[PDB]
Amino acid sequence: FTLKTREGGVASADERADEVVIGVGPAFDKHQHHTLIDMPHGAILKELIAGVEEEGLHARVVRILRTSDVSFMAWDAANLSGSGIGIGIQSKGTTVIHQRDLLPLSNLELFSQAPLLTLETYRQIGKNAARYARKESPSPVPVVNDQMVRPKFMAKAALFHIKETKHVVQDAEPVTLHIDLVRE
């Protein structure tokens, strides 16, 4: 089946100490549907959760609308998670494992090169997170770097970010998104 997101209603902070809030960009699995490497948002938004649960936590998905910045996304997500931990991800793919109490531009883990993220990564980003949400010190997802990613994708990342940023709603609160497994 294909993971599809469903626009719920205004989200609220804290909802179980064992929850790792997932904060998707304003256009994720909605106005945009794939990353820079055309990876479907559903499959991604599907791995992030399996990683969560495999460690024994409840993943909750919300749609950040106040901003399109990923660090600020994972922060609002971290400040909506009873575990304090939160995951932020933009439509182009950029992802961040954050934690309330941390400065907005800081983080626990960063995935600053979207085009290099596979599903096994959007998976480990679940396990490690959960490990964090449970006060553990998991070995961070080995960061990956490709010197030609910017030459190839930067311009595109800006284009995708422009699209995502078009749906930012000033001050608007997060909107819980329900998960629907649509029959293949």
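We number the residues from 1 along the sequence you see.
Note on 10-18 vs 162-170: mean CA B-factor is higher in 10-18. When 150-158 is weighed against 134-142, 134-142 comes out higher, by mean CA B-factor as recorded in the entry. Set against one another, the Cα B-factors of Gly42, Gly56, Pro26, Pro115 in the record reach their highest point at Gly56. In this PDB entry, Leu119 carries a Cα temperature factor that places it within the middle third of its chain's modelled residues. In the deposited entry, the Cα temperature factor of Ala78 places it in the highest third of its chain's modelled residues.
Ranked by C-alpha B-factor against the other modelled residues of its chain, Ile49 falls in the highest third.
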